[PDB]
Structures are given as C-alpha cells and as structure tokens.
Amino acid sequence: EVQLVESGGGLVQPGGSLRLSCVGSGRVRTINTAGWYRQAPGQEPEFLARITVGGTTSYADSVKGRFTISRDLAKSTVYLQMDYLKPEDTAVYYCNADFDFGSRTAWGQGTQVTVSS
Ligand SMILES: CCOP(=S)(OCC)Oc1cnc2ccccc2n1
C-alpha cells in the first residue's frame, strides 16, 4: 500500500512559478516511477512528466522547457517545478506512483493551479 499527498497549488499570475510536492508514504521502497498529470476544466487528464528512481526524466511536449520534475528519495517526495506559467496551465494537477514492479498504481488527491490576471 502506497499513499500520495500533494501540496503547493494556488493562484499565480502569468509568468509566475510554483513548486508542487507529492509526498509518498507506505511501502515507498517498492515505487518504480512517479509522474505528474493535470486535468484542465472540461478535458481528459493529461500526462506531463515522469521520473524513475535513478532520476531519469521524461516530459510531454506541452511542458518541455517550462516544467521540471525531480525527486528526493530521503523524503519520498516528487516535485513539479512549474515555470513560465500560461493561463492554459490552469488545471488540477495530479501525481501518481507505479509500485510493485509496475503492477499497482497510486494517485494523489490533486491540487489546484490557477494562472490568471
Ligand atoms: C512520490 C514519491 O516518489 P519517490 S521519491 O519515487 C520516485 C520514482 O518514492 C520513493 C521513495 N523512496 C524510494 C526508495 C527506494 C526505491 C524507490 C523509492 N521511491
């Protein structure tokens, strides 16, 4: 059993920046990969980034050069550094973790990011 808790969203102006946290608890030593997803109003959830235990990162075209995913194994936390923020980045951001040799998956509760004014 792995649980994920998110924090760090909020309201920011276009051009601002935010860091989102994804704190994992439970059998975190079985986690294989972690990823960040977002769900815009009225849209399917969308893959954003992915990171392995070793630190290899993968990104979608929509956030390449603007968002950064990292992980701190000492704290069981995965971060999403959201920079160069556009109004189109307004969404609920979700983190996930694949564990037990990628057989199971856990999701965070989501955190709202609003880019306005
Ligand atoms: C949401 C938290 O994700 P992370 S930092 O994994 C990102 C891939 O979880 C952890 C934490 N400790 C670990 C120790 C050994 C092996 C894997 C671990 N994964």
Notebook entry, point to check: With a ≥ b ≥ c the root eigenvalues of the C-alpha gyration tensor of the chain, is it rounded (a/c under 1.5), prolate (a/b larger than b/c) or oblate?
Noted result: prolate
Item checked: Residues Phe101, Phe67, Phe47, sorted so that the one with the fewest Cβ neighbours within 10 Å comes first -> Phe101, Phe47, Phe67
Note to self: Please arrange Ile31, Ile51 by how many other C-beta atoms lie within 10 Å of their C-beta, fewest to most.
What the structure shows: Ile51, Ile31
Notebook entry, point to check: How far apart, in nm, are two points set 7 Å out from the Cα along the Cα-to-Cβ line at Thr57 and at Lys86?
Noted result: 1.9
Checklist line | Relative contact order for the range 3-45, counting Cα pairs under 8 Å that sit 6 or more residues apart, in percent | finding: 34
Notebook entry, point to check: Between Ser25 and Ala74, what length comes free when the chain is fully extended (0.36 nm per residue of separation minus the Cα-Cα distance, one decimal in nm)?
Noted result: 16.5 nm
Next item on the list: Can you put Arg66, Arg71, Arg29 in order of Cβ neighbours within 10 angstrom, beginning with the fewest?
Entry: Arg29, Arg66, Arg71
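All Cβ positions, even for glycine, are placed from backbone atoms using ideal geometry, and neighbour counts span all protein chains on display. Values quoted throughout were computed directly from the atomic coordinates according to the rules given, and no laboratory measurement underlies them.
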